[PDB]
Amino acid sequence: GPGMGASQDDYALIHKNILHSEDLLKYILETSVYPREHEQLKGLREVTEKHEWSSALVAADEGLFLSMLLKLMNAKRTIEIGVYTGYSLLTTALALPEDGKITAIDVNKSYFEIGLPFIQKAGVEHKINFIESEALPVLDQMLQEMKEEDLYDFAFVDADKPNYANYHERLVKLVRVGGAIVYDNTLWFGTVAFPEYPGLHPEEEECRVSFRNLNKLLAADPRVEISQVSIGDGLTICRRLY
C-alpha cells in the first residue's frame, strides 16, 4: 500500500536467540569473534546496529564461519543474494584471493551505499559487481547466458526468505558441481520447531512456514548433500552432487 511498511519494531522475534543464554553468545563474540574481526567489519557492524533493519544483519560469529568455509574450499567466484549494508559481502571479499570475483544482488542500493565506504577502505571494492535488482530476474538471465566455465563456487542466500525455494531451483544450476550454497536463517528464531507459533507478525509467520517447507525440501533433494548448522539464526550448507 501507499503507506509505510512493517517496521522491525512490529516484529515479535527480534529479541529471541537460538543459544541457551545471552551470556553464551556474548562469550563467543567477545572471546572468538571481535579479536578476529577486521576493523572495517567492526565499523560496518556498528553503523548497521543503529539502522532501522538491524535485525537482518548477519551474526558476526556466522561471518567468521563463512570466511572459514570460503578459504577452506578455495572459492574464487561467488554470488550473494541479499546484501543489505554489506557485512557478509565484505566478509566474503576479504576472504577471497586478490583475483576473487563476487556478484552481489540487492533491490536496495541505498543499503549497499552504507557499507560501500567500509568496503573501499578495506581495499576490496574491485572484487564486487553490485546489481541493483530483484534477484529472480537476474538469476533467470544467468541461466541463459552463463557457460560451464563461469559457474560459481559459492552462493550465499540471505534475501527475502519466502523466495528461497525459488532461488534454489536456479542456484543448483548456477553453482558448479562440488560447489556450495548457503541458506541463511533456516532455523528462523527457533520457530521452525513448531507447527503453530502464537503472536507472530504475519511477515514472520510467512517465513516460519516457508522455512519448514524449505528444510524438508533440501533434506529430500538428491541433487545436494546438506548440513544444517545451529550458528547465528541457523544456516544450511548445500553441496552440489551432480
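Don't overthink the numbering: it's just position in the shown sequence, from 1.
As recorded in the PDB entry, 191-199 is the stretch of 191-199 and 205-213 with the greater mean C-alpha temperature factor. The deposited model assigns a higher average Cα B-factor to 20-28 than to the other stretch when 219-227 and 20-28 are compared. Ranking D106, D158, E98, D153 by Cα temperature factor from the entry places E98 first.
In the deposited coordinates, the residue among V172, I102, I119, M146 with the greatest CA B-factor is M146. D184: CA B factor lies in the lowest third for its chain, per the PDB record.
In the PDB entry, a CA B factor belonging to the middle third of its chain's modelled residues is recorded for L241. Ranked within its chain, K71 lands in the highest third, by CA B factor from the PDB record.
Looking at the C-alpha B-factors along this chain, the one for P137 belongs to the highest third. In the PDB entry, a CA B factor belonging to the lowest third of its chain's modelled residues is recorded for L89.
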